[PDB]
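Student: What follows is a single structure, and I will ask about it in a moment.
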Amino acid sequence: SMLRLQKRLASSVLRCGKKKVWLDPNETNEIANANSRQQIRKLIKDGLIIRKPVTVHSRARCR
Amino acid sequence: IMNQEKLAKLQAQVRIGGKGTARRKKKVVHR
Amino acid sequence: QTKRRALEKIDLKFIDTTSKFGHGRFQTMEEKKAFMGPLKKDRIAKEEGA
Amino acid sequence: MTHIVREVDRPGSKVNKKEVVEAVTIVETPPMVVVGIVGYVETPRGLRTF
Amino acid sequence: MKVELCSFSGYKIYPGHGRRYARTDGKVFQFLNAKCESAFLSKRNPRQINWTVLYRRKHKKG
Amino acid sequence: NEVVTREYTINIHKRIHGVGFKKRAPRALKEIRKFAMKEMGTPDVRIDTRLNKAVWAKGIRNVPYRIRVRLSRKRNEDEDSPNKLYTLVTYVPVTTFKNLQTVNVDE
RNA sequence: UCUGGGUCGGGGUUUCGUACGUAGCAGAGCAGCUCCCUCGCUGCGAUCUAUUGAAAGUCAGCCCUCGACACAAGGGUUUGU
RNA sequence: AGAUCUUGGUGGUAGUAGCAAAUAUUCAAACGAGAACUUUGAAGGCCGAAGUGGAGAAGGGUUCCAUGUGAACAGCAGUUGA
Ligand SMILES: [Mg+2]
Ligand SMILES: [Mg+2]
Ligand SMILES: [Mg+2]
Ligand SMILES: [Mg+2]
Ligand SMILES: [Mg+2]
Ligand SMILES: [Mg+2]
Ligand SMILES: [Mg+2]
Ligand SMILES: [Mg+2]
Ligand SMILES: [Mg+2]
Ligand SMILES: [Mg+2]
Ligand SMILES: [Mg+2]
């Protein structure tokens, strides 16, 4: 429904910004059931929440 | 195990973005 | 009409026929083709035409 | 519109028996088809359709 | 129908087209359009522009 | 039939000509939806996310001149809706736009 | 309607100026290999040459199609001496 | 009946001026009776470390967190909110 709390908790646990927080757009009702950081950790372990990779900024041109 | 029906739909779930984005690793349910 | 501007015979020598959809520079299709000769599309069309 | 080249036959002018370039306008005129006749009658109130 | 003139590019200039340019030295040039005139004024050699007739005959194209 | 699907190519450059820089891509999307409504006669038109990515590939103002799309009219009988048909528009990645015709594509 | 009008596509015109890739004993030169080569071969290398007046756009308010595609005798509101 | 009278209310103006400083949003889905504005995912952008970032002092005082509502406010809306 509205996953602002879930995004904030995921960014807190994952130690990354909200930019890198990826929630599964399919299992919205499953993620919305998460209201504790333990539940967020369990969801991260189960693969519903994934830390997105850092945006690529290569230095090959510089080198 | 993997068969043709399972593979053709697996390609969908592992792709969570366009070219240049990381692939999905797992989606495991456990109660 | 009595002024010498009027009652004056008009004898044409040339009429421009260049393309007004830009700075045209050729009068007729044949003149343009003769000045330019065959082109790449004409070459491939002749290849398809044996 | 386009332009033409003609020779001028205007005595006493600088361009007499010379070549000039004058813009012209093309007006396509397919033949008209007359399909009716109206007769007007003069009145002190002016012309009116009879 | 008048005298046909040749431009920077070597193209024929029909009457009523382009521009004529007379330099102080006593030489007269005529240009088919503003592109040829601008190319000439920058002292660009016509033999180095691929679509000029002089380049065509220099490279024996066609 | 009424569950027909077809492939088209669209002169986006013809329909964007004159649109300001910051509105060119949204205007292209609006023209795409309007063209789908014109061709399939369906008020309900959905644009696939891949097509949306393809149109926005070159940014907001440098919209690609031509694009190849596939129109698929499908039944909307999944819920009580005023319109029983909807048009799905997907992107067709093509190598070139030469001698491409509107062709009927089967299932 | 002897159909129509569209959308693509084609051609015409026009603009810019010769695309990528390939090939070159072209190329300032440089770096490797010598049973080799007897003067060679293998890279790096801007640029040039041929393909190539090429490539690309071209009505959206450019011209002509009779090529393909689908749609068009449908909707609604009023109007009487 | 007045005193540019006092207090309270109501007009025309008028559905008018206007809601234009700081480049820009688009697609799909979910909830919901209701989606331009909520949320998620994708894309394109911007702030470009003297930041639209991360933390404090003064000052505010519960605006903090969670849950619920859609009466009033957030000069449009809102399923959102200081
Ligand atoms: Mg003109
Ligand atoms: Mg065309
Ligand atoms: Mg009183
Ligand atoms: Mg009194
Ligand atoms: Mg008073
Ligand atoms: Mg107003
Ligand atoms: Mg205004
Ligand atoms: Mg920036
Ligand atoms: Mg800060
Ligand atoms: Mg709060
Ligand atoms: Mg309001």
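Residues are referred to by chain and number: the chain letter is A, B, ... according to the order shown in the structure tokens, the number counts from 1 in that chain, and ligands are numbered separately from 1 in the order shown.
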Counting only C-alpha atoms (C1' of nucleotides) and all ligand atoms, which protein, DNA or RNA residues come within 8 Å of ligand 7, given as a ChimeraX atom specification?

Tutor: /H:18-20

Student: Determine, for each residue of chain H having at least one atom at most 10 Å from an atom of ligand 3, the closest pair of atoms and their separation in Å to one decimal, counting only C-alpha atoms (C1' of nucleotides) and all ligand atoms; order by chain and ascending number, as a Markdown table.

Tutor:
```
| residue | atom | partner | partner_atom_place_in_ligand_line | distance |
| --- | --- | --- | --- | --- |
| H:1 | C1' | ligand 3 | 1 (Mg) | 6.5 |
| H:2 | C1' | ligand 3 | 1 (Mg) | 8.5 |
| H:5 | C1' | ligand 3 | 1 (Mg) | 9.9 |
```

Student: Could you please take those selected residues and save C-alpha atoms (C1' of nucleotides) as a PDB file, in the first residue's frame?

Tutor:
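Full text of result.pdb as output:
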```pdb
ATOM      1  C1'   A H   1     -28.795  60.131   5.026  1.00  0.00           C
ATOM      2  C1'   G H   2     -24.884  62.162   5.404  1.00  0.00           C
ATOM      3  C1'   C H   5     -19.214  58.999  11.099  1.00  0.00           C
TER       4        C H   5
END
```

Student: Select the residues contacting ligand 2 at a distance of at most 9 Å, based on only C-alpha atoms (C1' of nucleotides) and all ligand atoms, then format the selection as a list in words.

Tutor: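 Listed by chain and ascending number, the contacts are residues 9, 10, 11 and 58 of chain G.
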
Student: Using only C-alpha atoms (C1' of nucleotides) and all ligand atoms, which residues have at least one atom no more than 10 Å from ligand 9? Output them as a list in words.

Tutor: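 With only C-alpha atoms (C1' of nucleotides) and all ligand atoms and a cut-off of 10 Å, ligand 9 is contacted by residues 51, 52, 53, 54 and 55 of chain H.
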
Student: Taking 2 positions as the minimum chain separation for residues in the same chain, which residues sit within 12 Å of residue F:28 when counting only C-alpha atoms (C1' of nucleotides)? Answer as a ChimeraX atom specification.

Tutor: /F:10-26,30-35,47,51-52,54-56,60-67 /H:26

Student: Let me see if you get this right: every residue at most 9 Å from ligand 1, counting only C-alpha atoms (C1' of nucleotides) and all ligand atoms, written as number ranges by chain.

Tutor: C: 19-24

Student: Take the residues from that selection and write them out as a short mmCIF file (atom, residue, chain, number, x, y, z; two decimals), in the first residue's frame, keeping N, CA and C atoms.

Tutor:
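Saved to selection-v8.cif:
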```cif
data_model
loop_
_atom_site.label_atom_id
_atom_site.label_comp_id
_atom_site.auth_asym_id
_atom_site.auth_seq_id
_atom_site.Cartn_x
_atom_site.Cartn_y
_atom_site.Cartn_z
N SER C 19 14.19 23.97 -58.74
CA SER C 19 13.40 23.58 -57.58
C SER C 19 13.31 24.73 -56.60
N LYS C 20 12.10 25.19 -56.32
CA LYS C 20 11.87 26.25 -55.36
C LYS C 20 11.80 25.75 -53.93
N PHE C 21 11.90 24.44 -53.72
CA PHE C 21 12.00 23.86 -52.39
C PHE C 21 13.44 23.87 -51.89
N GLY C 22 14.06 25.05 -51.94
CA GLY C 22 15.45 25.25 -51.64
C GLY C 22 16.13 25.97 -52.77
N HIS C 23 17.46 26.05 -52.69
CA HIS C 23 18.25 26.70 -53.73
C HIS C 23 18.44 25.71 -54.88
N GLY C 24 17.43 25.65 -55.74
CA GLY C 24 17.51 24.78 -56.90
C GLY C 24 18.59 25.23 -57.86
#
```

Student: At a cut-off of 10 Å and counting only C-alpha atoms (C1' of nucleotides) and all ligand atoms, what residues surround ligand 11? Please answer as a PyMOL selection string.

Tutor: chain H and resi 73-78

Student: Quick one: residues within 8 Å of stretch 39-51 of chain G, only C-alpha atoms (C1' of nucleotides) counted, chain neighbours fewer than 4 positions away excluded, as a VMD selection string?

Tutor: chain G and resid 24 26 to 27 30 to 32

Student: Give the residue list for ligand 8 at 8 Å, counting only C-alpha atoms (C1' of nucleotides) and all ligand atoms, as a list in words, sorted by chain and then by residue number.

Tutor: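 Checked against 8 Å with only C-alpha atoms (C1' of nucleotides) and all ligand atoms; the hits are residues 46, 47 and 48 of chain H.
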
Student: How would the residues just picked look written out with N, CA and C atoms (P, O5', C5', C4', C3', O3' and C1' of nucleotides) as a PDB file, in the first residue's frame?

Tutor:
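Output saved as selection.pdb:
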```
ATOM      1  P     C H  46      21.135  16.674 -15.748  1.00  0.00           P
ATOM      2  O5'   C H  46      20.905  17.654 -14.516  1.00  0.00           O
ATOM      3  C5'   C H  46      19.932  18.683 -14.592  1.00  0.00           C
ATOM      4  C4'   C H  46      19.360  18.997 -13.235  1.00  0.00           C
ATOM      5  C3'   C H  46      20.370  19.147 -12.115  1.00  0.00           C
ATOM      6  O3'   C H  46      20.991  20.419 -12.106  1.00  0.00           O
ATOM      7  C1'   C H  46      18.579  17.787 -11.388  1.00  0.00           C
ATOM      8  P     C H  47      22.521  20.565 -11.644  1.00  0.00           P
ATOM      9  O5'   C H  47      22.438  20.547 -10.055  1.00  0.00           O
ATOM     10  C5'   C H  47      21.634  21.491  -9.365  1.00  0.00           C
ATOM     11  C4'   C H  47      21.517  21.155  -7.901  1.00  0.00           C
ATOM     12  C3'   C H  47      22.821  20.863  -7.182  1.00  0.00           C
ATOM     13  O3'   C H  47      23.510  22.040  -6.798  1.00  0.00           O
ATOM     14  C1'   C H  47      21.209  19.225  -6.610  1.00  0.00           C
ATOM     15  P     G H  48      24.886  22.448  -7.521  1.00  0.00           P
ATOM     16  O5'   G H  48      25.766  21.124  -7.453  1.00  0.00           O
ATOM     17  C5'   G H  48      26.254  20.633  -6.210  1.00  0.00           C
ATOM     18  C4'   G H  48      27.278  19.543  -6.401  1.00  0.00           C
ATOM     19  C3'   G H  48      28.486  19.924  -7.254  1.00  0.00           C
ATOM     20  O3'   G H  48      29.643  19.266  -6.748  1.00  0.00           O
ATOM     21  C1'   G H  48      27.397  18.068  -8.214  1.00  0.00           C
TER      22        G H  48
END
```

Student: Using only C-alpha atoms (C1' of nucleotides) and a distance of at most 12 Å, pull out the residues of chain E that contact chain G, as a PyMOL selection string.

Tutor: chain E and resi 35+48-53+55-56+59+61-62

Student: Up to 8 Å from chain C, what residues of chain E turn up? Count only C-alpha atoms and give them as a ChimeraX atom specification.

Tutor: /E:1,12-14,32-33,62

Student: For residue B:16, work out the shell of residues within 9 Å, counting only C-alpha atoms (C1' of nucleotides) and skipping chain neighbours fewer than 4 positions away, then give it as an NGL selection string.

Tutor: (:A and (24)) or (:B and (12 or 21-24)) or (:H and (41-42))

Student: Could you write those residues out with C-alpha atoms (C1' of nucleotides), as a PDB file, in the first residue's frame?

Tutor:
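The file below, out_29.pdb, is the result:
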```
ATOM      1  CA  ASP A  24       9.892  -6.315  -4.859  1.00  0.00           C
TER       2      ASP A  24
ATOM      3  CA  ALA B  12      11.520 -13.105 -16.346  1.00  0.00           C
ATOM      4  CA  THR B  21      21.336  -3.628 -13.696  1.00  0.00           C
ATOM      5  CA  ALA B  22      22.152  -6.466 -11.326  1.00  0.00           C
ATOM      6  CA  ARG B  23      20.179  -9.683 -11.642  1.00  0.00           C
ATOM      7  CA  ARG B  24      17.898 -10.994  -8.928  1.00  0.00           C
TER       8      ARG B  24
ATOM      9  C1'   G H  41       9.269  -0.881  -9.996  1.00  0.00           C
ATOM     10  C1'   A H  42      11.524   0.997 -14.740  1.00  0.00           C
TER      11        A H  42
END
```

Student: Where in chain F does DSSP assign alpha helix (DSSP H), given as a list in words?

Tutor: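 Result set for chain F (alpha helix (DSSP H)): residues 12, 13, 14, 15, 16, 24, 25, 26, 27, 28, 29, 30, 31, 32, 33, 34, 35, 36, 37, 38, 39, 40, 49, 50, 51, 52, 53, 54 and 55 of chain F.
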
Student: Would you write out those residues with N, CA and C atoms, as an mmCIF file, in the first residue's frame?

Tutor:
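Generated file (selection.cif):
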```cif
data_model
loop_
_atom_site.group_PDB
_atom_site.id
_atom_site.type_symbol
_atom_site.label_atom_id
_atom_site.label_comp_id
_atom_site.auth_asym_id
_atom_site.auth_seq_id
_atom_site.Cartn_x
_atom_site.Cartn_y
_atom_site.Cartn_z
ATOM 1 N N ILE F 12 7.561 9.442 -35.728
ATOM 2 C CA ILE F 12 7.507 10.292 -34.544
ATOM 3 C C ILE F 12 8.008 11.690 -34.883
ATOM 4 N N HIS F 13 8.992 11.778 -35.780
ATOM 5 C CA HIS F 13 9.543 13.073 -36.163
ATOM 6 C C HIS F 13 8.493 13.953 -36.825
ATOM 7 N N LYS F 14 7.549 13.344 -37.543
ATOM 8 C CA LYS F 14 6.483 14.123 -38.163
ATOM 9 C C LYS F 14 5.547 14.714 -37.119
ATOM 10 N N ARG F 15 5.341 14.009 -36.011
ATOM 11 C CA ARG F 15 4.367 14.424 -35.014
ATOM 12 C C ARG F 15 4.967 15.288 -33.914
ATOM 13 N N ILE F 16 6.289 15.254 -33.735
ATOM 14 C CA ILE F 16 6.962 16.092 -32.746
ATOM 15 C C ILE F 16 7.406 17.428 -33.330
ATOM 16 N N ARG F 24 8.995 17.278 -25.628
ATOM 17 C CA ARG F 24 9.022 16.478 -26.849
ATOM 18 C C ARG F 24 8.733 15.008 -26.565
ATOM 19 N N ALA F 25 9.419 14.427 -25.584
ATOM 20 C CA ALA F 25 9.156 13.033 -25.238
ATOM 21 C C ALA F 25 7.759 12.795 -24.664
ATOM 22 N N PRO F 26 7.237 13.599 -23.723
ATOM 23 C CA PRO F 26 5.836 13.395 -23.315
ATOM 24 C C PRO F 26 4.856 13.559 -24.458
ATOM 25 N N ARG F 27 5.116 14.497 -25.369
ATOM 26 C CA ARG F 27 4.260 14.628 -26.537
ATOM 27 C C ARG F 27 4.357 13.400 -27.428
ATOM 28 N N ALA F 28 5.542 12.796 -27.524
ATOM 29 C CA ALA F 28 5.684 11.558 -28.281
ATOM 30 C C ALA F 28 4.872 10.432 -27.665
ATOM 31 N N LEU F 29 4.895 10.313 -26.338
ATOM 32 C CA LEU F 29 4.066 9.303 -25.682
ATOM 33 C C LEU F 29 2.581 9.563 -25.917
ATOM 34 N N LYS F 30 2.165 10.828 -25.840
ATOM 35 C CA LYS F 30 0.763 11.155 -26.075
ATOM 36 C C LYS F 30 0.356 10.848 -27.510
ATOM 37 N N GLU F 31 1.224 11.162 -28.476
ATOM 38 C CA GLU F 31 0.953 10.814 -29.866
ATOM 39 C C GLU F 31 0.902 9.310 -30.068
ATOM 40 N N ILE F 32 1.744 8.558 -29.360
ATOM 41 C CA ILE F 32 1.697 7.104 -29.459
ATOM 42 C C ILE F 32 0.351 6.581 -28.974
ATOM 43 N N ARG F 33 -0.111 7.074 -27.823
ATOM 44 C CA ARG F 33 -1.397 6.627 -27.295
ATOM 45 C C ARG F 33 -2.543 7.028 -28.219
ATOM 46 N N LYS F 34 -2.494 8.253 -28.749
ATOM 47 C CA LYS F 34 -3.510 8.712 -29.688
ATOM 48 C C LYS F 34 -3.516 7.887 -30.965
ATOM 49 N N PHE F 35 -2.337 7.547 -31.485
ATOM 50 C CA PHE F 35 -2.249 6.731 -32.688
ATOM 51 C C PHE F 35 -2.806 5.338 -32.443
ATOM 52 N N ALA F 36 -2.534 4.770 -31.267
ATOM 53 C CA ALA F 36 -3.107 3.471 -30.939
ATOM 54 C C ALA F 36 -4.628 3.541 -30.875
ATOM 55 N N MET F 37 -5.166 4.600 -30.262
ATOM 56 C CA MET F 37 -6.618 4.767 -30.223
ATOM 57 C C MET F 37 -7.191 4.931 -31.623
ATOM 58 N N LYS F 38 -6.487 5.664 -32.484
ATOM 59 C CA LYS F 38 -6.927 5.842 -33.865
ATOM 60 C C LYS F 38 -6.954 4.520 -34.619
ATOM 61 N N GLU F 39 -5.928 3.692 -34.439
ATOM 62 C CA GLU F 39 -5.779 2.516 -35.285
ATOM 63 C C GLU F 39 -6.622 1.346 -34.796
ATOM 64 N N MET F 40 -6.784 1.198 -33.484
ATOM 65 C CA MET F 40 -7.544 0.066 -32.978
ATOM 66 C C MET F 40 -8.919 0.450 -32.452
ATOM 67 N N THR F 49 6.373 -0.858 -20.704
ATOM 68 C CA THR F 49 7.476 -0.125 -20.095
ATOM 69 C C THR F 49 8.730 -0.166 -20.957
ATOM 70 N N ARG F 50 8.940 -1.255 -21.699
ATOM 71 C CA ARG F 50 10.076 -1.309 -22.612
ATOM 72 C C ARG F 50 9.960 -0.269 -23.716
ATOM 73 N N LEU F 51 8.756 -0.059 -24.250
ATOM 74 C CA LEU F 51 8.567 1.006 -25.228
ATOM 75 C C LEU F 51 8.835 2.370 -24.611
ATOM 76 N N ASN F 52 8.376 2.579 -23.375
ATOM 77 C CA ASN F 52 8.621 3.842 -22.689
ATOM 78 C C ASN F 52 10.113 4.086 -22.507
ATOM 79 N N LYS F 53 10.860 3.038 -22.163
ATOM 80 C CA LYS F 53 12.308 3.155 -22.054
ATOM 81 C C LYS F 53 12.949 3.438 -23.404
ATOM 82 N N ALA F 54 12.449 2.807 -24.467
ATOM 83 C CA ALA F 54 13.030 3.006 -25.791
ATOM 84 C C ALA F 54 12.816 4.429 -26.288
ATOM 85 N N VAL F 55 11.632 4.993 -26.047
ATOM 86 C CA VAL F 55 11.368 6.361 -26.483
ATOM 87 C C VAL F 55 12.243 7.344 -25.719
#
```

Student: Produce as a PDB file with N, CA and C atoms (P, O5', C5', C4', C3', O3' and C1' of nucleotides), in the first residue's frame the set of residues near ligand 10, where near means within 10 Å with only C-alpha atoms (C1' of nucleotides) and all ligand atoms considered.

Tutor:
```pdb
ATOM      1  P     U H  63       2.816  16.489  17.797  1.00  0.00           P
ATOM      2  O5'   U H  63       3.875  16.993  16.721  1.00  0.00           O
ATOM      3  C5'   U H  63       3.457  17.404  15.431  1.00  0.00           C
ATOM      4  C4'   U H  63       4.566  18.099  14.684  1.00  0.00           C
ATOM      5  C3'   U H  63       5.814  17.280  14.423  1.00  0.00           C
ATOM      6  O3'   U H  63       5.677  16.376  13.346  1.00  0.00           O
ATOM      7  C1'   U H  63       6.418  19.446  15.164  1.00  0.00           C
ATOM      8  P     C H  64       6.417  14.955  13.408  1.00  0.00           P
ATOM      9  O5'   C H  64       7.546  15.166  14.509  1.00  0.00           O
ATOM     10  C5'   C H  64       8.920  15.196  14.153  1.00  0.00           C
ATOM     11  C4'   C H  64       9.664  14.059  14.799  1.00  0.00           C
ATOM     12  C3'   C H  64       9.033  12.689  14.608  1.00  0.00           C
ATOM     13  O3'   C H  64       9.427  12.086  13.389  1.00  0.00           O
ATOM     14  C1'   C H  64       9.519  13.023  16.901  1.00  0.00           C
ATOM     15  P     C H  65       8.385  11.216  12.533  1.00  0.00           P
ATOM     16  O5'   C H  65       8.231   9.875  13.373  1.00  0.00           O
ATOM     17  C5'   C H  65       9.344   9.031  13.620  1.00  0.00           C
ATOM     18  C4'   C H  65       8.920   7.810  14.388  1.00  0.00           C
ATOM     19  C3'   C H  65       7.642   7.157  13.891  1.00  0.00           C
ATOM     20  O3'   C H  65       7.868   6.282  12.801  1.00  0.00           O
ATOM     21  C1'   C H  65       7.524   7.434  16.236  1.00  0.00           C
ATOM     22  P     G H  81       0.977  10.082   5.661  1.00  0.00           P
ATOM     23  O5'   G H  81       1.259  11.621   5.956  1.00  0.00           O
ATOM     24  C5'   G H  81       2.479  12.220   5.552  1.00  0.00           C
ATOM     25  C4'   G H  81       2.465  13.709   5.783  1.00  0.00           C
ATOM     26  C3'   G H  81       2.100  14.165   7.183  1.00  0.00           C
ATOM     27  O3'   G H  81       3.181  14.058   8.090  1.00  0.00           O
ATOM     28  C1'   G H  81       0.939  15.474   5.593  1.00  0.00           C
ATOM     29  P     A H  82       2.903  13.811   9.652  1.00  0.00           P
ATOM     30  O5'   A H  82       2.921  15.276  10.274  1.00  0.00           O
ATOM     31  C5'   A H  82       4.030  16.139  10.055  1.00  0.00           C
ATOM     32  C4'   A H  82       3.907  17.416  10.846  1.00  0.00           C
ATOM     33  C3'   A H  82       2.764  18.332  10.424  1.00  0.00           C
ATOM     34  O3'   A H  82       2.308  19.059  11.563  1.00  0.00           O
ATOM     35  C1'   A H  82       4.811  19.457  10.134  1.00  0.00           C
TER      36        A H  82
END
```

Student: Have a look at A:56, A:13, A:31, A:62 and name the one nearest to chain H; count only C-alpha atoms (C1' of nucleotides).

Tutor: A:31

Student: Please indicate the distance in Å from atom CA of residue C:46 to atom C1' of residue G:52, rounded to one decimal place.

Tutor: 17.7 Å

Student: Could you state the separation of atom CA of residue F:103 and atom CA of residue F:3 in Å, given to one decimal place?

Tutor: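 Result for atom CA of residue F:103 versus atom CA of residue F:3: 15.3 Å, one decimal.
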
Student: Please compute the atom CA of residue D:6-atom CA of residue E:9 distance, one decimal, in Å.

Tutor: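 Interatomic distance, atom CA of residue D:6 to atom CA of residue E:9: 27.6 Å.
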
Student: Give the strand (DSSP E) residues of chain E, as DSSP finds them on the backbone, and put them as a list in words.

Tutor: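 Put together, the selection reads residues 5, 6, 12, 13, 19, 20, 21, 22, 28, 29, 30 and 31 of chain E.
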
Student: Taking into account only C-alpha atoms (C1' of nucleotides), which residue in the set A:9, A:32, A:14, A:23 is nearest to chain H?

Tutor: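 With only C-alpha atoms (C1' of nucleotides) as the atom set, the closest residue is A:23.
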